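Contents: one structure, followed by commentary.
Note that each Cβ is placed from the backbone with ideal geometry, even for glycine, and that neighbours are counted across all protein chains shown. Nothing in this text is a laboratory measurement; each read-out follows from the coordinates by a stated rule.
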Amino acid sequence: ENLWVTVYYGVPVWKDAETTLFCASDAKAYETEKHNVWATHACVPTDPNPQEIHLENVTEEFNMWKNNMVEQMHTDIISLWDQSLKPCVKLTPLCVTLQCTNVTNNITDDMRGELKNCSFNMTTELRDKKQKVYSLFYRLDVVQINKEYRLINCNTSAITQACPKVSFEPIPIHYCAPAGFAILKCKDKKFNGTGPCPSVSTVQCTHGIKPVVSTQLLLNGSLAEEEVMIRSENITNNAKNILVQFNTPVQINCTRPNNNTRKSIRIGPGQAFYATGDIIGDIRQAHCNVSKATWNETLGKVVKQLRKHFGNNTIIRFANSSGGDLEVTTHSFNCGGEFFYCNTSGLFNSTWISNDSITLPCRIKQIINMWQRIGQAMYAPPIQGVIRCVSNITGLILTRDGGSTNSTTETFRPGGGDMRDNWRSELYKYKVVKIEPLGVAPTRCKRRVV
Amino acid sequence: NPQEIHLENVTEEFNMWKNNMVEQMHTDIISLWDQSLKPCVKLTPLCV
Amino acid sequence: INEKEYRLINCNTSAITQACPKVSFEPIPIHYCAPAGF
Amino acid sequence: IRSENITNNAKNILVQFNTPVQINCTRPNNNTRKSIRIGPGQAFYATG
Amino acid sequence: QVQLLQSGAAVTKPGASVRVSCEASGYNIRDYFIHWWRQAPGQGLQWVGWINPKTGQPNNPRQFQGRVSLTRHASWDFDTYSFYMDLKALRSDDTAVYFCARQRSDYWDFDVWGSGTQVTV
Amino acid sequence: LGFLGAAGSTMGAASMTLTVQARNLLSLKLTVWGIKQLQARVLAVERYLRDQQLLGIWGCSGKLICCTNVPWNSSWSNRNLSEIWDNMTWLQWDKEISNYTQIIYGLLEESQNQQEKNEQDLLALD
Amino acid sequence: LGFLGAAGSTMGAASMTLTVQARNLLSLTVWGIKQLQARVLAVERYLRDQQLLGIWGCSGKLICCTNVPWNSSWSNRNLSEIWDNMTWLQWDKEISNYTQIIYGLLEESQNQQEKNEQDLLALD
Amino acid sequence: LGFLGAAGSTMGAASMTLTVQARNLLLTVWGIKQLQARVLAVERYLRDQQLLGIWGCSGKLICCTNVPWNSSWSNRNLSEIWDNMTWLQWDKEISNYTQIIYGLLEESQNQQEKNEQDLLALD
Amino acid sequence: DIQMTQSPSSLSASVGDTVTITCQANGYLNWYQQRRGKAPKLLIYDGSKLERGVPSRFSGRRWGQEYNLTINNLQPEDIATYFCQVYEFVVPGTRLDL
Ligand SMILES: *[C@@H]1O[C@H](CO)[C@@H](O[C@@H]2O[C@H](CO)[C@@H](O[C@@H]3O[C@H](CO[C@H]4O[C@H](CO[C@H]5O[C@H](CO)[C@@H](O)[C@H](O)[C@@H]5O)[C@@H](O)[C@H](O[C@H]5O[C@H](CO)[C@@H](O)[C@H](O)[C@@H]5O)[C@@H]4O)[C@@H](O)[C@H](O[C@H]4O[C@H](CO)[C@@H](O)[C@H](O)[C@@H]4O)[C@@H]3O)[C@H](O)[C@H]2NC(C)=O)[C@H](O)[C@H]1NC(C)=O
Ligand SMILES: *[C@@H]1O[C@H](CO)[C@@H](O[C@@H]2O[C@H](CO)[C@@H](O[C@@H]3O[C@H](CO[C@H]4O[C@H](CO)[C@@H](O)[C@H](O)[C@@H]4O)[C@@H](O)[C@H](O[C@H]4O[C@H](CO)[C@@H](O)[C@H](O)[C@@H]4O[C@H]4O[C@H](CO)[C@@H](O)[C@H](O)[C@@H]4O)[C@@H]3O)[C@H](O)[C@H]2NC(C)=O)[C@H](O)[C@H]1NC(C)=O
Ligand SMILES: *[C@@H]1O[C@H](CO)[C@@H](O[C@@H]2O[C@H](CO)[C@@H](O[C@@H]3O[C@H](CO[C@H]4O[C@H](CO)[C@@H](O)[C@H](O)[C@@H]4O)[C@@H](O)[C@H](O[C@H]4O[C@H](CO)[C@@H](O)[C@H](O)[C@@H]4O)[C@@H]3O)[C@H](O)[C@H]2NC(C)=O)[C@H](O)[C@H]1NC(C)=O
Ligand SMILES: *[C@@H]1O[C@H](CO)[C@@H](O[C@@H]2O[C@H](CO)[C@@H](O[C@@H]3O[C@H](CO)[C@@H](O)[C@H](O)[C@@H]3O)[C@H](O)[C@H]2NC(C)=O)[C@H](O)[C@H]1NC(C)=O
Ligand SMILES: *[C@@H]1O[C@H](CO)[C@@H](O[C@@H]2O[C@H](CO)[C@@H](O[C@@H]3O[C@H](CO)[C@@H](O)[C@H](O)[C@@H]3O)[C@H](O)[C@H]2NC(C)=O)[C@H](O)[C@H]1NC(C)=O
Ligand SMILES: *[C@@H]1O[C@H](CO)[C@@H](O[C@@H]2O[C@H](CO)[C@@H](O)[C@H](O)[C@H]2NC(C)=O)[C@H](O)[C@H]1NC(C)=O
Ligand SMILES: *[C@@H]1O[C@H](CO)[C@@H](O[C@@H]2O[C@H](CO)[C@@H](O)[C@H](O)[C@H]2NC(C)=O)[C@H](O)[C@H]1NC(C)=O
Ligand SMILES: *[C@@H]1O[C@H](CO)[C@@H](O[C@@H]2O[C@H](CO)[C@@H](O)[C@H](O)[C@H]2NC(C)=O)[C@H](O)[C@H]1NC(C)=O
Ligand SMILES: *[C@@H]1O[C@H](CO)[C@@H](O[C@@H]2O[C@H](CO)[C@@H](O)[C@H](O)[C@H]2NC(C)=O)[C@H](O)[C@H]1NC(C)=O
Ligand SMILES: *[C@@H]1O[C@H](CO)[C@@H](O[C@@H]2O[C@H](CO)[C@@H](O)[C@H](O)[C@H]2NC(C)=O)[C@H](O)[C@H]1NC(C)=O
Ligand SMILES: *[C@@H]1O[C@H](CO)[C@@H](O[C@@H]2O[C@H](CO)[C@@H](O)[C@H](O)[C@H]2NC(C)=O)[C@H](O)[C@H]1NC(C)=O
Ligand SMILES: *[C@@H]1O[C@H](CO)[C@@H](O[C@@H]2O[C@H](CO)[C@@H](O)[C@H](O)[C@H]2NC(C)=O)[C@H](O)[C@H]1NC(C)=O
Ligand SMILES: *[C@@H]1O[C@H](CO)[C@@H](O[C@@H]2O[C@H](CO)[C@@H](O)[C@H](O)[C@H]2NC(C)=O)[C@H](O)[C@H]1NC(C)=O
Ligand SMILES: *[C@@H]1O[C@H](CO)[C@@H](O[C@@H]2O[C@H](CO)[C@@H](O)[C@H](O)[C@H]2NC(C)=O)[C@H](O)[C@H]1NC(C)=O
Ligand SMILES: *[C@@H]1O[C@H](CO)[C@@H](O[C@@H]2O[C@H](CO)[C@@H](O)[C@H](O)[C@H]2NC(C)=O)[C@H](O)[C@H]1NC(C)=O
Ligand SMILES: *[C@@H]1O[C@H](CO)[C@@H](O)[C@H](O)[C@H]1NC(C)=O
Ligand SMILES: *[C@@H]1O[C@H](CO)[C@@H](O)[C@H](O)[C@H]1NC(C)=O
Ligand SMILES: *[C@@H]1O[C@H](CO)[C@@H](O)[C@H](O)[C@H]1NC(C)=O
Ligand SMILES: *[C@@H]1O[C@H](CO)[C@@H](O)[C@H](O)[C@H]1NC(C)=O
C-alpha cells in the first residue's frame, strides 16, 4: 500500500543554463555572393519552419541585463570582425610624414579645411625605388607633426586595410539552442526587462537579428509592439543606460553627396592600397534628414511613457551631449561601407511641460578603432560614387543627469555607446534553459518479482 | 592487408565526375601545400 | 626592368617566399578510408 | 639515489633529499626601466 | 599600488579657470567609474560628477552645467590614466577640497579616494 | 504536439507526451562558427549518454515509464499521490523534492538493482 | 561471411548476417581536425538509431516483433514473394515513401500506449 | 567501499562491487586536448555497450549466456578460481581466448536465439 | 526617489561604550567615516556587510528603510565624523566626542 518512488523519463524540467548558441542565417542566402563579414563563408541555414508554441498555463522569470547570450554576441561579433580582418595588408608604410595643403574644388565654405591633399615618397614594388603620390584625406585622420602631418593613429597600434570585397551590410542572424536545451520567450508585449512574464512560448530558434552598429540611437531594431518602451536595470542608478524603444519606425535619409573616386597603388608585391581619387564637382558636407513632425510627436510619446516613472507634471528636458570620445559625442553608424558621425544635438533641443524636415550635418573619418578596443586600427577603403542611405530609427540609448532636487526637472542626454546595449534591445525577450527529462514520483506499483 | 569483399549478385552505378572524393583531395592537397610553407622565410628583400 | 636592369618576374605580383629545403616534395602513396558507418 | 642504470655513466643520477635545504637569492641592485617606442603601438623596454 | 595619485593645492583670483587632476593605479581603470566630490569647509560632502573612462563620458548635476567638464587621458601603453576636472568660473564659494573616487560596485561602493586637494579662490 | 507543450499539463497528464519530449534529446573549417558547433555536438552527446547510463543502472532502460519497488520516507512530500498528479506541474514537483534526489538515486541503484542482481544470481545457481 | 555479403541474397537470407553487419557500425594538422569530425559523426549517427530502438522497445535486438499492422497498399506482393526473392536493397526502394508513416506509428500506436498499459498492469 | 576496492578480494567476491565500478565511466592547447579526451571516453563506453546489446546482456552487470566453454582454456574447479584468483589474475589467464568467446556469443547463441524467438512468435 | 534623513547629531559617549548611530533612507545604504584633513573611509556597504579591514566591533542593521550602525567597545582612535550614503545624496556628517 505504501507508495514507492519510481522512474520517469522525457519529463519536462527547466534549469537556467548557458551553452554556446548555434549559428544560423536564413537559408544561407549570403552564399550567393562573397562574402558577408559575419556570415563568413558558411553558417547553418535556418529551419524552413522555426515553430514556436505558446505554453499552456505557464509564466516564467526573465532577467534582462543578466542574460549572457548578449555577452556571447559581444565576443562572437568581435571575433568575426577579426576573423575577416586578419587576412589583410598592413598599412604601416603610411606612417611616413606627409606634406599637405588645403585643396578645394568649388568647396562650400562650411567645408573649408575638412579635406587635405597630401603626399609622400611611398615605397615601390622594388626596394630600391621610391615615387611621389598624393591623395585626399579627411582632416580627422591626420594630425600636424609639430604643414606636415602624420596619420592620427601612428602613435597607437598599427592601421590595416585590405579585402574591401567583404560586405559590411548586416544580415540577420538566428540562434538555436543545443539539443537538450531550449529557448524561452516572453509573449507579453509590454514586458518589463526583468521579472516573471504572464505569457510565454518556446521556440526552436530566435528571430533573426542584424549586427547593427550605432552609438546614440538604435537603428533597424524590432518595433515595440504597442507602445514606446523605456527600460533600465535600475532607474535610480543613473550610471545605467536608459533603453528607449519606439513602437513605430522613424525614417531617416542619409547621404554623402560628393561623387567619390578611387585610386590604388602597390606598396610592394601583393600589397595593393586603396586611396581616395580626386573628387569631381562641388564639395559638400555629408548630411541626413528626419521629419520635424515625426520627431516631435514621437518624442512626446517617449515623454508620455517617461512620466510613468516620475511624479505628475514633472519638468522634462533633453540636451546636447556632455562630450567625450567622438564615438559617443556624436551619433555614429556605418552605411554603404563607410563610417559616419553626426551632430544630433539639434534633435534634443526641447523641454517638456505638463498639459517639413530636420537636417543634420555629418562627418567622415576613415581611421577606425572598433568598440572600445585600442589594440587595432583600420582604414576604411574609399567608397566610389554618391552614398545614399535609408533606414528606420527604432530607439534611443539615453542617460539621465545626476543630482538635482525635489524629484523634479529631470534632464537627459544621448550616451551608452557600448555595443552590448544595442544587442540587449533585441535579446531581452529570451532566456535559455536546460532540459532534464529524468524525474521521479511515488507510485502504487512495484517491480514484478522474478 | 585490407580485406576486399567481392559481392555476389551485385552491380552499382559509378558516375564518374560526380564524385566529390576528388574534390576533397583537390583541397586536401592544396591545404597541405600551404601548411608546409607557412613556417618558411619570406623572400621579399629580393625585389631589389 | 626597362626597355639592362633586372627584377624578379613576380615583383609586380604577390610576394615570393622560399620553400624550406628540409622537406621533400616526393610523392608518397596516400590511402583513404571510410568514416565508421560508411 | 636513482638512475636508469647506476653502472651506466651515460645516465643522470637523481638525488632526492628527505629534507629541505634553504637558499636565499638576491639581485641587490635597485633597478629602473624605460619605456621605448619602436613600431607604432609597440612598447619596448630597456634598463634604466 | 591600488591608491590614486592626487594633484597639489592651488589658489586663483575669482573668475579664473582652474584644473585639478588624479592618476591611475594598479586596479584596471577601464572597469570602474571615476567620481569627483567636493566639500566646502564646515559642510557635508557634495557630489560633483562621474566619468566613464572607457568612453570619456561625464555626468554632472544641473547646478554645474556649463561650468565644469571632466576629461581623461592615458599612456600610449595604457598603463596609466589621468583625470581632470575643469572649472571655468571660480567664485568664492567654489573653495573646497576636491577629490577623485572609484565606483567599485553598482551600489556605488567607494573604497578608494585620492587624498584630495584644496582649491581656493 | 509541440515540444514542451506538456508544461501546462498536470503531472499525470504529462505522461502522454513523454515520447515527444524524448524525440529531440539527441538531435577553413577552423572558422569560429564551426568550432562552436563542434562543442555543442559533443556536449549534447555527453548529457544524453549520461542519462542512459543511469537508466541502465536502474534497470529502467528502454522505457519512459518504469516501476521501481523502492520505498521512500514519506516526509519527502506533503501530499497524497493523487493530489500530486493533478495539483501541480512536474516543475513544481521538482521543487518539492529537490533535496532528496541524490538519496533516491543511490537507493535505486543498490536497494533494488544491486540486490535484484543478487537474487538473480541465486536463480543462476540452478 | 564477409561484410555486406547479404547484398547478394534474399531478405530472408540477409537475416543471417545481421550481427556481422552490426560489428563495424560503431568502430593542428588538418587531418587531425578531420579525424575529430569523423569521430563525432559516427557516434551521432549510431546513437540516433539506438534512440529509435529505445522508443520502439526494440533495444538489444536485431529483430523486434511489433504490434503494428501496416496498410497493405504500401506493397503488393505475397509475403513469400518478398522474403524469398528480393535483395533487401530492392525492398528498401519499395518501402521508401512510407517509412515516415511507419515510424510515427511505431512510436505511439503501440509503444506509447503499451507503456501506459504496462503501468496499468503493475498498478494492481 | 572505495572504487577498485575489489582488487583486494577474490574474483568471486569482486561481483559485489560491480555497481561501483560502472559509476564513473562517463582556443588553448588544453582545450584541444580536453576535447579529444571527451571523445575518447565516449567511444570506449559505447563500444562496450554495443557488445552487450549484441549478446543480449545490455542493461545488466551480470548476465547468463547459454554458451558452454571449452574447459581446456582453464582446467580448474570453479571454486578453485573464484575463491582464489583476483579477477585480474584470472583475466590474464583467459585473455588470449577472449576473441573466441566473443564470436561464440554472437552466433552460437544470440543470433540463433533471436531466430528461434521469431519462430516461436509465429504461433 | 531619495528619502534620506539622519538623527545622530554628535555623541559624547565614554570610552568602551558600545555606541550606535541611525539614519533612514529609500534604497541601498553605504556607511562612511571621516577625520579632518583626511579622505573618508567606507565602513559598511550595500545595507549590510562590513568593508574589508573594518574591525569586528563594527556592525549594523536594516529593516524597511531603517538603518543602524554600531561600534562595540568604542575607543578614542575611533572618533570620526560618520555618514549614510546613496548614490549621490549624502547625509551631513555626524560625529563622536568624549
Ligand atoms: C533598484 O534599486 C533599489 C535601491 O536599493 C533596489 O531596492 C529594492 O526595492 C524593492 C522595491 O522598492 C524592494 O522590494 C521590496 O522591499 C520591501 C522591503 O524589504 C525589506 O523588508 C523586509 C520586511 O518587509 C516587511 O516589513 C516592512 C516594515 O517593517 C514593510 O515595509 C514591508 O512592506 C514588508 O511588509 C525584510 O525582510 C527584508 O530583509 C530581508 O530580506 C533580504 C532579502 O531580500 C535579506 O537580505 C535581509 O537580511 C532580510 O532577511 C528587507 O529589509 C519588502 O517589504 C517587499 O516584500 C514584498 O514584495 C515582494 C515583491 O515585490 C514579495 O515577494 C514579498 O513577499 C512582499 O510582498 C519587497 O521585497 C527591495 O527589497 C529593495 N532592496 C533591498 C535590498 O531592500 C531595487 O531592488 C532595484 N530594482 C531593480 C529592478 O533593479
Ligand atoms: C537599416 O536597414 C535598412 C533596410 O535593411 C538598410 O537599407 C539598405 O542598406 C543597404 C546598405 O546601405 C543598401 O544596400 C546598397 O544598395 C545599393 C543599391 O541597391 C539597389 O539597386 C541595385 C541596382 O543598383 C539592385 O541590384 C539591388 O537589388 C537594389 O535594388 C547597392 O548598390 C549596394 O550594393 C553595392 O555594394 C555591395 C557591397 O556592400 C556590392 O556587393 C554590390 O555589388 C554593390 O556595389 C556596386 O556599387 C558600388 C558603387 O555604388 C561599387 O563600388 C561596387 O564596386 C559595385 O560595382 C547595397 O546593397 C540598401 O539599398 C538599403 N535599402 C534601402 C531601402 O535603402 C540600412 O543599411 C540599415 N542601416 C543599418 C545601420 O544597418
Ligand atoms: C554641444 O552643443 C554645444 C552648444 O551648442 C557645443 O558647445 C559649443 O561649441 C562651439 C564649437 O565647438 C563653441 O564655439 C567655439 O569656441 C571657440 C572658442 O571660444 C571662446 O573664445 C572666443 C574667442 O576666441 C569667445 O568669443 C567665446 O565666448 C569663447 O570664450 C572658437 O574658437 C570657435 O570659433 C571658431 O570656429 C568656428 C566654427 O565652429 C568658426 O566659425 C570661427 O570663425 C572660429 O574659427 C567656436 O565659436 C562654443 O563656445 C561651445 N559652447 C560652450 C558653452 O562652450 C558643443 O560643442 C556640443 N558638443 C560637442 C561634443 O561638440
Ligand atoms: C535633406 O533634405 C534637404 C531639404 O530638406 C535637402 O536640401 C536641399 O538639397 C538640394 C540639393 O543640394 C538643394 O537644391 C539646390 O538648391 C539651389 C538653390 O535653391 C538650386 O540652385 C539647385 O538647383 C538645387 O535645387 C536645396 O536648396 C537644399 N535645401 C535646403 C533647405 O538647403 C538635402 O538634399 C536632403 N538630403 C537628402 C539625402 O536627400
Ligand atoms: C597621440 O599623440 C597625440 C599628439 O600627437 C595626442 O593628442 C594630443 O593630446 C594632448 C593631450 O590630450 C592634447 O593636448 C592639448 O592640446 C591643446 C592645444 O595644443 C592644449 O590647449 C591643451 O593644454 C593640451 O595640451 C592635444 O591637443 C592632442 N592632439 C590632438 C590632435 O587632439 C594623443 O594623446 C596621443 N595618444 C597617445 C596614446 O599617447
Ligand atoms: C620625398 O623625398 C625627398 C628626398 O628625396 C624629401 O625631401 C627632403 O625632405 C627633408 C624633410 O623635409 C628635407 O630635410 C630635405 O632638404 C628635402 N630634400 C630636398 C631635395 O628638398 C621629402 O621629405 C620626401 N617626402 C616624403 C613624404 O618622405
Ligand atoms: C521602415 O519601417 C516600416 C514600419 O515599421 C516598415 O514597413 C513595414 O514593412 C514590413 C515588412 O516589409 C511590413 O510587414 C509592415 O506592414 C510595414 N509597415 C506598415 C505600417 O505597413 C519598413 O519595411 C521599414 N524599412 C525597411 C527598409 O525595412
Ligand atoms: C527619405 O527620402 C525619400 C526620397 O528622397 C522619401 O521617400 C519618398 O517619400 C514620399 C512621402 O511618403 C513618397 O510619396 C515618395 O514616393 C517616396 N519616394 C520613393 C522613391 O519611394 C522618404 O519619405 C524620406 N524619409 C524621410 C523620413 O524624410
Ligand atoms: C592634389 O595635389 C596634387 C599635386 O600636389 C594634384 O596633382 C595634379 O592633378 C591634376 C589633375 O588631377 C593634374 O593635371 C596634375 O598634373 C597633377 N600634378 C602632379 C604633379 O601630378 C591633384 O590635382 C590634387 N588633388 C586635389 C583634389 O586637389
Ligand atoms: C552641434 O550642434 C550644436 C547646436 O545643436 C552647435 O552649437 C552651435 O555652435 C555654433 C558655433 O559655435 C553656433 O553658431 C550656433 O549658434 C550653436 N547653436 C545654437 C542653437 O546656438 C554645434 O556647433 C554643432 N557642432 C557642429 C560641429 O556643427
Ligand atoms: C559619379 O560621377 C561620375 C562622373 O562624374 C559618373 O560616371 C559616369 O557614368 C556613366 C555610366 O556609367 C557614364 O556614361 C558617364 O560617361 C560617366 N561620367 C564620366 C564623366 O565619365 C558616375 O555615374 C557618378 N556616380 C553615380 C553613382 O552615378
Ligand atoms: C634566508 O634569509 C632569511 C632572512 O634573511 C632567514 O630567515 C630567518 O629565519 C630565522 C628562523 O626562523 C628567524 O629567526 C629570523 O628572524 C629570519 N630572518 C629575518 C631577517 O627575518 C633564513 O634563515 C635564511 N635561510 C638560510 C638557509 O640562510
Ligand atoms: C647573504 O649573507 C651574507 C652574510 O651571511 C650577507 O653579507 C653581509 O652583508 C652585510 C652588509 O652587506 C655585512 O655587514 C656583513 O658583514 C656580511 N656578512 C658576512 C658574513 O660577510 C649578505 O647581505 C646576504 N645576502 C642576501 C641576498 O641575503
Ligand atoms: C545469386 O542470386 C540468386 C538470387 O538472387 C541466388 O540464387 C540461388 O542459388 C542457390 C544456389 O545456386 C539456390 O539454392 C537457390 O534456389 C537460388 N535462388 C534463390 C535463393 O532464390 C544465388 O545464390 C546468388 N548467388 C550468390 C553467390 O549469392
Ligand atoms: C537601531 O539601534 C537602536 C539602538 O542603537 C535601536 O533602538 C531601539 O529602537 C527601538 C525602536 O525605536 C526602541 O524600542 C528601543 O527602545 C530603542 N533603544 C534605545 C536604546 O533607545 C533600534 O531598534 C535599532 N534599529 C534597528 C533596525 O535594529
Ligand atoms: C488528499 O486526501 C485528503 C483526504 O485524505 C483530501 O482532503 C484531499 O482532497 C486529497 N488530495 C487529493 C489531491 O486528492
Ligand atoms: C501470390 O499470388 C500470386 C498472384 O497474385 C500468385 O501468382 C502466387 O502463387 C501467390 N503466392 C502464394 C504463396 O500463394
Ligand atoms: C587480503 O588477502 C587475504 C587472503 O588473501 C585476506 O585474509 C584479506 O581479507 C585480504 N584483504 C582485503 C582487504 O581484501
Ligand atoms: C579445486 O580442486 C583442487 C583439486 O582438483 C584443489 O586443490 C582445490 O582446493 C579446489 N578448490 C576448491 C574450492 O575446493
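Observations on the model:
- Between F:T101 and D:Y45, the C-beta separation translates, for a Förster distance of 41 Å, into a calculated FRET efficiency of about 0.10.
- Electrostatic tally near I:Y28: other residues with Cβ closer than 15 Å to its Cβ, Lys and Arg +1, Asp and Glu -1, net -3.
- For chain A, calculated [θ]222 nm from helices alone, where every DSSP H run of n ≥ 4 adds -39500 (n - 2.57): -3000 deg cm²/dmol
- Size of electric dipole in chain E: Cβ of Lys, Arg +1 and of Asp, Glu -1, about Cα centre, debye, nearest 20: 460 debye
- Seen from G:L26, the other residues with C-beta closer than 13 Å to its C-beta sum to a net charge of +2, counting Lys and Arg as +1 and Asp and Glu as -1.
- Cβ crowding within 10 Å, taken as a proxy for footprinting-reagent exposure, orders H:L25, A:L80, G:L123 from fewest neighbours to most as G:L123, H:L25, A:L80.
- Ranking of G:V43, A:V449, A:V143 by neighbouring Cβ atoms within 10 Å, starting from the fewest: A:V449, A:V143, G:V43.
- Of the trypsin sites (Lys or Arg not before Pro) found in region E:37-97, the ones in coil according to DSSP and having at most 15 other Cβ atoms within 10 Å of their Cβ are E:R67, E:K88, E:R91.
- Working from label points 7 Å from Cα in the Cα-to-Cβ sense, the I:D17 to H:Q21 distance is 7.5 nm.
- Positive contributions from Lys and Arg (+1) and negative ones from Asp and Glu (-1), summed over other residues with Cβ under 12 Å from the Cβ of A:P211, come out at -2.
- A:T97-B:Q3 FRET efficiency (beta carbon distance; Förster radius 60 Å; 0.05 resolution): 0.25
- Here the simple spin-label model places points 7 Å from the Cα toward Cβ, and for H:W30 and I:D78 these points are separated by 4.5 nm.
- Rounded FRET efficiency, nearest 0.05, which uses the C-beta distance separating A:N237 from A:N355 and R0 of 41 Å: 0.85
- Among the trypsin sites (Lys or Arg not before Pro) found in chain D, those both in a DSSP coil and sparsely packed, with 12 or fewer other Cβ atoms within 10 Å of their Cβ, are D:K11.
- With an a/c value of 1.5 or above and a/b not larger than b/c for the gyration tensor axes a ≥ b ≥ c computed over the alpha-carbon atoms, chain F is described as oblate.
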